[PDB]
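**Student:** The data below comprise the sequence and an experimental structure of the protein.
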Amino acid sequence: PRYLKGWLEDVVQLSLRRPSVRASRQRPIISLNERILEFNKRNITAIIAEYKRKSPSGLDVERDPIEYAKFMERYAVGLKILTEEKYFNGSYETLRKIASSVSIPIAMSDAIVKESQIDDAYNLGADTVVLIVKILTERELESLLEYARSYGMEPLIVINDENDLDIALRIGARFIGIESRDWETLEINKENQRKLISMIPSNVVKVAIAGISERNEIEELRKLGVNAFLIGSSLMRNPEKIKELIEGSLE
């Protein structure tokens, strides 16, 4: 409910009409941001793996989601599951099945614009949600953050520019994702990403999103203060690429 155009305008209107669910969940929330800090202290590279059937920035991959999630349970600090229907071909049922099969933190990612979507994430088994600042007004973002926290979740608040970063800090975000991808244009800008990272308080748990493909980048970014890395497409196509990213290579 910011002023939007193109596909982002369309996905927001679509999400406003997303039917809520009556699935049930009671198990404790497994904090994603806390496990990231845990990994940092154990000196283990923290990679959040994404499950997405398709996306505006890639090709459709039809693989068994459970098989994928269980493999990732061995390496990833957490999972991000895309549930948006039109542009990511996602489903609440996929999130539900994955959450019921693995024991690592799960983050539901969608165009979250209404509180029932947060109810949905909790009811389906997600441990947290991903809020996109680019599509929300300051008022909606703060309200959704306050709402998510009432469930015991600490949302990953995603930004890709300075003004949106300020808004995230201003509303009290403690878990921020810095996007190198502008979802409006799909262009990648790593210089901007690093500039934004340098501007974030050290207490914030920082997740570098997109554009990560080799361990060298990871090590560089860690030294710059990044706590975790969100990697999707590369892993959706070749899951075992995560081994090198965490353990290094024999060359």
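**Tutor:** Okay, I see it. Numbers count the residues shown, from 1 in each chain.
**Student:** Quick one: the strands in the stretch 1-150 of the chain, in order.
**Tutor:** Using DSSP state E, counting those that start in this stretch, the strands of the stretch 1-150 of the chain run over residues 47-51, 78-82, 106-109, 128-132.
**Student:** Throw those strands into TSV and include distance to residue 147 and mean neighbour count, thanks.
**Tutor:** For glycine as for every other residue, the C-beta is placed from the backbone atoms N, C-alpha and C. Formatted as TSV, those follow (distance: least, CB to CB, whole Å; neighbours: other CB atoms under 10 Å):
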stretch	distance to residue 147	mean neighbour count
strand 47-51	22	25
strand 78-82	20	27
strand 106-109	14	27
strand 128-132	10	26
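**Student:** For these, could you give me CSV that also reports distance to residue 249?
**Tutor:** CSV is the format used below for the strands of the stretch 1-150 of the chain (distance: least, CB to CB, whole Å):
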stretch, distance to residue 249
strand 47-51, 15
strand 78-82, 23
strand 106-109, 28
strand 128-132, 30
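**Student:** so which of those strands gets nearest residue 211?
**Tutor:** strand 47-51 (13.1 Å; CB to CB).
**Student:** what's near enough to touch residue 30?
**Tutor:** For residue 30, the contacting residues are 103-106, 127, by CB atoms under 8 Å, 6 or more residues apart in numbering.
**Student:** The same query, at a cut-off of 10 Å, please.
**Tutor:** 78, 103-106, 126-128 (CB atoms under 10 Å, 6 or more residues apart in numbering).
**Student:** Now do the phi/psi pair for it.
**Tutor:** Dihedral angles phi and psi of residue 30 (degrees, to the nearest 10) take the values phi -100, psi 100.
**Student:** same deal with residue 177?
**Tutor:** Backbone geometry at residue 177, expressed as degrees, to the nearest 10, gives phi -110, psi 130.
**Student:** How about residue 45?
**Tutor:** Residue torsions, per degrees, to the nearest 10, at residue 45 are phi -60, psi 130.
**Student:** Quickly find the element holding the spatially closest residue to it that is not a sequence neighbour.
**Tutor:** Setting aside the residues directly before and after it, residue 45 is nearest to residue 246 in space (CB to CB, 6 or more residues apart in numbering), at 4.6 Å. Using DSSP states H and E, residue 246 sits within helix 241-247.
**Student:** what helices or strands is that helix leaning on?
**Tutor:** Contact here means 3 or more CB pairs under 10 Å, 6 or more residues apart in numbering; DSSP states H and E; on that basis helix 241-247 packs against strand 47-51, helix 215-223, strand 228-231, helix 233-237.
**Student:** just to revisit the earlier point, for residue 219, find the nearest of the strands of the stretch 1-150 of the chain.
**Tutor:** strand 47-51 (12.8 Å).
**Student:** and the angle from the closest one to strand 128-132?
**Tutor:** Taking axes from the mean of the first three to the mean of the last three CA atoms, to 10 degrees, one finds that strand 47-51 is oriented at 80 degrees with respect to strand 128-132.
**Student:** In its sheet, which strands sit next to strand 47-51, and in what direction?
**Tutor:** Here strand 47-51 is paired, per DSSP bridges, with strand 78-82 (parallel), strand 228-231 (parallel).
**Student:** my guess is residue 1 meets residue 113, correct?
**Tutor:** Yes - applying CB atoms under 10 Å, one finds residue 1 in contact with residue 113, separated by 6.6 Å.
**Student:** Report the set of residues contacting both of these two.
**Tutor:** Common neighbours of residue 1 and residue 113 (CB under 10 Å, 6+ apart) are 12-13, 16, 135-137, 140.
**Student:** Residue 201 and residue 168: what is the separation?
**Tutor:** Distance of residue 201 to residue 168, given as CB to CB, to the nearest Å: 11 Å.
**Student:** Around residue 110, count how many other residues there are.
**Tutor:** 24 (other CB atoms under 10 Å).
**Student:** so who does it touch?
**Tutor:** Residue 110 touches 11, 15, 18, 81-85, 88, 90, 92, 95, 117, 120-121, 129-132, counting by CB under 10 Å, 6+ apart.
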